[PDB]
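Protein chains in written order, with the deposited numbering: chain Bx, 35 to 196; chain BJ, 67 to 240; chain BQ, 30 to 251; chain Bp, 2 to 98; chain CL, 46 to 90; chain BK, 17 to 192.
From the three backbone atoms N, C-alpha and C, an ideal C-beta is built for every residue, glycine too.
Data first, discussion second: the structure below is written as C-alpha cells.
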Amino acid sequence: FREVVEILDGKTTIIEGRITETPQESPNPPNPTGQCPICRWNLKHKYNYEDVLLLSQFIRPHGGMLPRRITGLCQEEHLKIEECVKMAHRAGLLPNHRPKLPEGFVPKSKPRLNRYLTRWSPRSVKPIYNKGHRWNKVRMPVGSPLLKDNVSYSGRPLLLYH
Amino acid sequence: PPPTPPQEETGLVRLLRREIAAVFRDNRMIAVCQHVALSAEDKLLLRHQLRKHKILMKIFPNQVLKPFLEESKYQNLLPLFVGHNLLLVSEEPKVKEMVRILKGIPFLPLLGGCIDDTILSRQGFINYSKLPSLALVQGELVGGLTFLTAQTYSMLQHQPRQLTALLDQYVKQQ
Amino acid sequence: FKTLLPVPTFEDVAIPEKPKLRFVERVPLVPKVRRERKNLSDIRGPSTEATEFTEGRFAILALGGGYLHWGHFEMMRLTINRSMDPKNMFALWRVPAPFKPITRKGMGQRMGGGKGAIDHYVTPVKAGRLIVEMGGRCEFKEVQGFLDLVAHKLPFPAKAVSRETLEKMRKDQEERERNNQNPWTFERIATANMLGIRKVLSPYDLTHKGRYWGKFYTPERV
Amino acid sequence: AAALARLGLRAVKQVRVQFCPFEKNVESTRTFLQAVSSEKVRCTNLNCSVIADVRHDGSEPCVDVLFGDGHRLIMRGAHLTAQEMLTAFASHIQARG
Amino acid sequence: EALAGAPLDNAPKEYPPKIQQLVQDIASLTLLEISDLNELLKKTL
Amino acid sequence: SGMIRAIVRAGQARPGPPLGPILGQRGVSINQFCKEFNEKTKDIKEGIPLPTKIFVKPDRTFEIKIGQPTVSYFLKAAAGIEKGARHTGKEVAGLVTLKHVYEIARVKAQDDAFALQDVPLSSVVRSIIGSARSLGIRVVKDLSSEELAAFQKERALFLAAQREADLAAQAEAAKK
RNA sequence: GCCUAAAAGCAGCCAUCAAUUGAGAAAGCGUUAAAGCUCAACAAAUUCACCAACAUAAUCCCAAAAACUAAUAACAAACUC
Ligand SMILES: [Mg+2]
Ligand SMILES: [Mg+2]
Ligand SMILES: [Mg+2]
Ligand SMILES: [Mg+2]
Ligand SMILES: [Zn+2]
C-alpha cells in the first residue's frame, strides 16, 4: 500500500510516497478457474451484511468503497457488496472504518438507534402517515432486492417489503 | 471466457506499420522527444525551423509503435515511448543545429534517440553534437597514428636543436 | 488511437416526388349518412393488415389498439413535415383517412330516444400495425429521435421501429416463446379446456393466447 | 492543465522537473511536466521559467517550485500519481500566493 | 541480436572491446607493417 | 489582452464599427489604430481588403501584422466580376485560367500561413482552386482568346434577367 | 460565395473544396455583429454505460409484527371416511 506523507521544515514542503507491505490472496482457492474473486472463492450467493470479514477486505479506512477496476469483481457482485457495506455501516458494524474527528467526538448527540437490514438512508425517508388499507398497503422495504438470489436453506423467500 | 477471437489487421494499421518501417529503415538520425502541448502557431514555427535544417517531425500512435519497437531491434527505447511522443527524423544527422534550435525552448526536453544504430540519451546527443565532423576525425586519425614516427623524428633531430638553442640563448644573453 | 470504420452510403434509395406527408381530410368526400354501430372488434385483437414494410425502412409501430382522428392526423403530419429533411427523407401513411363515424348526443339528454348524431370520424388501429413509414438516405438514430415524439403523442403505446428492430423483437418473442421454462401455457390450457377455464375465458382467447386483453397488448406475455 | 489555468499561476517564479526518461517510474512526472508546461499555463503567466532537466543516472524523478513568496515546494515523485501531484501543487499554490 | 545499453557519463568506465582489440592488432605487428598501414591509409584517406 | 482578426480595406480605415467598439472595449484607442493602419497601407491600392491581426497587450498597447489580400478579392479581380455567384455549382460567375491561379498563388505564398507552413506552390494552387470553386468561378485548362467575352455577354444577360426577376419577386412579396 | 445595418461555423440560400500524422466552410451554447465555451480528428488512456423514475380531500392512521432451524408442512367445510 502507498502512503503520501508531508514534511514541513522551514517553509519547505516535501511530499513523499512510501510503499509498505500488503497481504496477498490465500494460496489455495476452491475454484481457481473462476475469473471473479467472489465467484472463484465460491462466496456467490453466500455473503450478507453481517459478513464483515468479507466486506472489509476491499474498502477504504474511512468506510468508502474500492473501485471495481482495481478490485476485480463482476458488476453484479460489486453492486451487491456495495449495498452490503452500506447496510453494515448503517447497522453499526465496522466501527473503526470512520474518520477520526477529535473536535467532533466530544459534543455527544442523541444515542444511536440500533438498526439492521436498512435499505434507504435514515436522513431521506419520510414517515408513512397513511399506511394504507389491506388492499392498498404501503409496505416498508427491508433489506435490498440485490440479495434476492442468496441461498435459502429454509426454502422460504426473503420478505423484502415488510 | 471463450477462446480469443483473433482481431484482423486493417489498412490503417498496415499503412502505419509500413510507414514506421520505412522511417526506421531509410533515415539515420531518429531522435525521440517529448511531445509538449504548445500553441499551434509555435508548433508551426518549430516546424519551419526544422524544415530549414531539413529535419522533420513525426507522430505515431503508441498502439502501433510499441509492438513494432519490441519486435524490431529498438527494444531499448521502450521507456521512452509511453507518454506523448515526437520522432525527429532526418537524413545526414546534424545534431548541432538541432540542439541549437531546441535550446531556445526551455520546457521541450530531449528524451533520447539513435544516431546510426547507436542509442544515445540527451547527454549522448550533446556529446555527438560537440564532436567534430567525420571528415575532421578521419583526417586526424592518420595524424594520431603517424604521431609516433613524428615524435621519433622530432626527438632524433632535437639533439642538434638543443645545442642550437644553447647558442641562441648564449647570444641573447649579451 | 481508434480504427477508422467506413460509413454507410445510400445510393440505391430514390427520393420520390412530394416526400412530405399528404393532407388528410377530417370528413370523407362522401359522408356516411347511415349511422353504424361501434364495432370494437376493429380495435380488439392483433392487426392483420399493414404489418410489414412496403418501401420505407423505418416506421411507427402501434403496440396497442385505439382510434386515430383528425387531431392525431394533423399532429403527425405537421410534426413529421417540420422535422423531416425533404431532400434526403420521405414519409408515407399506412392508415386510411378517418372513415368510421362516431355518434354523439347533446348534454342533458336522457337515455333512449334513438341514436345520436355523427360528431366526427375515426380510423381504427390494431396492435402491431404501422402508422407512418419513412425512408431515404438517412440513418435510424435521427429518425427514431424525431419519431419518438409522435409515437408518444399517439393515443395507443407506440414505438419508432425499423426493419432490423422489428425483426429483432419478433425473433426475441419467438425465442422467449420457444425457451419458456414452465410447462403450463395459456394457449395449451385454453385449447385443452383444462380446469374448465373456458367458462371464464372468451372465444377470442383461443387465438389471442392471453397476449391481448380488450384493446391492450402485453408483448412479454409469451 | 485546465485546473491550473483556472487557478491564476501568476504568483510562481520557477518550476523545474528533473527526471531520467530511461526509468520505469517517470510516467507520472512526465505527465506532470506536460500538464504544467501546457499552452494555457504558458499564457496565464509569462514570467515563469519552466525547466525540464533530463538525466540518465539520477534515477529519482522530482519537481521543484520556487515561487515569489519565497516558498519552495519540493516533491520527489517516485510513486505518486500525476493526479495527486497536480492536486497537491494546485492546493499549495492556492494556499500560499 | 539486440542493441546496446546506452550508458552515460555519470559512471562511464566500460569501453567496447573492439577499440581495444584494434589496439592489440596494431601493437602485434612490426614496423614494415606500420609503414604499409600508413601508406595505405594515406593513399585511401 | 489578446489577438483580434479583422479584414480591413487598404486605406479605408474608419473609426466606427465593426472595429471601433471592439478596440474601445479592449482599451486601445481607435484614432491611433486608424492612423497607424493608413500609414502602413498607404502604398496599397485603396479599396482592396486584407486580413490583419491586432495583438492588444494588457498595458493597452497594440501591434499590427498585415498580410496578403483576400483570395476572394484576388479571384474576383482575375475574373473581372464585382460580386460572386449566389448558387455555387449551378451557375458560373467568371472564368480564371490556371496561369492566373498560379500567379495568385505566387503572390499569396508570402503570408503568415504559407510562411509558417513550408509548403510548395502546389498546395497553394489547390487552395486557390478550392476557393474559386466555392466562389463559383470556373477554372478552364487553356481557354482565353475571345470566348471569355463570349461567356461574359451571357453572364451579363443572366445578371440582368436575375435583377429583373429579383425586383419582380420583391414587388410580388410587397403586394401580397 | 449571395442577402442583410451587421450574417465571421452557426435569420437564411448555394457549394461543402484545400495543408498538415491529425481539425465539419461546422453538430450544440454565446455576441447586434465579433469574441468566447464546447463537440467531433490525431497524438493519452482505455470499469460498465440504448429506453426506462409522475401531487393531492375533507370526524381519526389503521390488526400487532416479522428478510433464514429444513414446507408438495401443518391448520382449515353442510365434502368424504
Ligand atoms: Mg401515448
Ligand atoms: Mg474531443
Ligand atoms: Mg402540490
Ligand atoms: Mg378438519
Ligand atoms: Zn463474478
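Is the separation between the beta-carbon of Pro74(BK) and that of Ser160(BK) shorter than 8 Å? Going by C-beta atoms, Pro74(BK) is not nearer than 8 Å to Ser160(BK).
Residues within the region 133–160 of chain BJ neighbouring chain BQ, beta-carbon criterion of under 7 Å: Across the region 133–160 of chain BJ, no CB contact with chain BQ closer than 7 Å is found for any residue.
Please state whether DSSP places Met221(BJ) in a helix, a strand or coil. In the structure shown, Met221(BJ) sits in a helix (DSSP, three-state: H, G or I).
So with Cβ pairs under 8 Å, would you call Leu137(BK) a contact of chain BJ? Not closer than 8 Å to any Cβ of chain BJ, the Cβ of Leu137(BK) fails to qualify, so no.
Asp65(Bp) bridges to which residues according to DSSP? DSSP lists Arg17(Bp) and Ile75(Bp) as partners of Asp65(Bp).
Residue of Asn208(BQ), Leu107(BQ) and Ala126(BQ) minimising C-alpha distance to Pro57(BQ): The shortest Cα separation from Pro57(BQ) among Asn208(BQ), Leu107(BQ) and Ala126(BQ) belongs to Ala126(BQ).
Over the uninterrupted alpha helix (DSSP H) stretch that includes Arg43(Bp), give me the two end residues. Boundaries of the alpha helix (DSSP H) harbouring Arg43(Bp): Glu40 to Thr45, taken from the DSSP string.
Alpha carbon to alpha carbon, how far is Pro33(BK) from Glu61(Bp)? Give it in angstroms, no decimals. Distance between the alpha carbons of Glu61(Bp) and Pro33(BK) is about 58 Å.
Chain Bp contacts made by the region 168–182 of chain BJ, where a contact means CB separation under 9 Å: Under the 9 Å Cβ criterion, the region 168–182 of chain BJ contributes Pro172, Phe173, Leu174, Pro175, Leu176, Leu177 and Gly178.
Between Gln129(BJ) and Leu135(BJ), what straight-line distance do the alpha-carbon atoms span, to the nearest angstrom? Those two C-alpha atoms are separated by around 11 Å.
Residue closest to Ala125(Bx), alpha-carbon to alpha-carbon, out of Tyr81(Bx), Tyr150(Bx), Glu117(Bx) and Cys118(Bx): That would be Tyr150(Bx), whose Cα lies nearest to the Cα of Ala125(Bx).
Complete runs of the alpha helix (DSSP H) confined to the region 143–196 of chain BJ [at least 4 residues]: Those alpha helix (DSSP H) runs which fall completely within the region 143–196 of chain BJ and span 4+ residues are 161–169 and 188–196.
Compile a chain-ordered list of the residues in the region 121–136 of chain BK whose CB is closer than 8 Å to at least one CB of chain BJ. The region 121–136 of chain BK vs chain BJ, Cβ under 8 Å: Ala131, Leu132, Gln133 and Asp134.
Presumed contact (8 Å Cβ cut-off) between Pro159(BJ) and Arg94(BJ), rounded CB distance: The pair is a contact, with the Cβ atoms about 5 Å apart (cut-off 8 Å).
Any C-beta of chain BJ under 8 Å from that of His80(Bp): Using beta-carbon distances, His80(Bp) does not count as an interface residue toward chain BJ, since no partner is under 8 Å.
Selected residue, minimal CA-CA separation from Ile147(BQ), among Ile131(BQ), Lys155(BQ), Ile160(BQ) and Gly141(BQ): The shortest Cα separation from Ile147(BQ) among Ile131(BQ), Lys155(BQ), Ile160(BQ) and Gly141(BQ) belongs to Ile131(BQ).
DSSP on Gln100(BJ), reduced to helix/strand/coil? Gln100(BJ): strand per DSSP, three-state reduction.
Mapping DSSP to helix, strand and coil, what is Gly165(BQ)? Assigned with DSSP and collapsed to three states, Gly165(BQ) falls in strand.
Residues in the region 95–108 of chain Bx with C-beta within 7 Å of chain Bp's C-beta atoms, listed in sequence order? Those residues of the region 95–108 of chain Bx that come within reach of chain Bp (Cβ to Cβ, closer than 7 Å) do not exist; the list is empty.
Whose C-alpha, out of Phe35(Bx), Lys45(Bx) and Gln58(Bx), is nearest the C-alpha of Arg52(Bx)? Selected option, being the one with the closest Cα: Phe35(Bx).
Out of curiosity, what's the CA-to-CA distance linking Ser105(BJ) and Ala93(BK)? Approximately 35 Å, taken between the alpha carbons.
Cβ atoms of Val117(BK) and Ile144(BK): under 8 Å apart, would you say? It is a contact, given that the beta carbons lie within the stated cut-off.
Can you check whether the CB of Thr80(BQ) is closer than 8 Å to the CB of residue 264(BQ)? No answer is possible for residue 264(BQ): the residues shown for chain BQ start at 30 and end at 251.
Straight-line Cα distance separating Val108(BK) from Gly83(BK): CA-to-CA, the gap between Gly83(BK) and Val108(BK) works out to about 29 Å.
I'd like to know if the region 105–118 of chain BQ and the region 44–62 of chain BQ are in contact, where contact means that at least 3 CB-CB pairs between them fall below 8 Å. Contact between the region 105–118 of chain BQ and the region 44–62 of chain BQ is present: three or more C-beta pairs spanning the two stretches fall below 8 Å.
Does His114(BJ) have its Cβ less than 8 Å from a Cβ in chain BK? Answer yes: the Cβ-Cβ gap between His114(BJ) and chain BK drops below 8 Å somewhere.
With distances taken between CB atoms, is the gap from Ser138(BJ) to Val161(BJ) smaller than 8 Å? No; because the gap between Cβ atoms is not below 8 Å, this pair is not in contact.
Can a CB atom of chain BQ be found closer than 8 Å to the CB of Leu78(BJ)? At least one chain BQ Cβ lies under 8 Å of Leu78(BJ).
Sequence-distant residues of the same chain with beta carbon closer than 7 Å to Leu146(BJ), five excluded per side: These residues qualify, in order along the chain: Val98, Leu177 and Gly178.
For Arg73(BQ) versus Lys238(BQ), is the C-beta spacing smaller than 8 Å? Not closer than 8 Å, so no.
Any heavy atom of ligand 5 within a distance shorter than 7 Å of the CB on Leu107(Bx)? Answer for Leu107(Bx): yes, Cβ within range of ligand 5.
List, in chain order, every chain Bx residue whose beta-carbon is nearer than 9 Å to that of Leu74(Bp). The answer, in chain order, is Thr46, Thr47, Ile48 and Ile49.
Do you know whose CA, among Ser92(Bp), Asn46(Bp), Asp58(Bp) and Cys63(Bp), lies nearest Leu53(CL)'s CA? The shortest Cα separation from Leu53(CL) among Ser92(Bp), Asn46(Bp), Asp58(Bp) and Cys63(Bp) belongs to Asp58(Bp).
Does the CB of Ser105(BJ) have a neighbour CB from chain Bp at under 8 Å? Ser105(BJ) counts as touching chain Bp.
Residue of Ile94(Bp), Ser29(Bp) and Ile52(Bp) minimising C-alpha distance to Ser38(Bp): Selected option, being the one with the closest Cα: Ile52(Bp).
Which of the three DSSP states, helix, strand or coil, is assigned to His116(BK)? In this structure, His116(BK) counts as helix in the three-state DSSP scheme.
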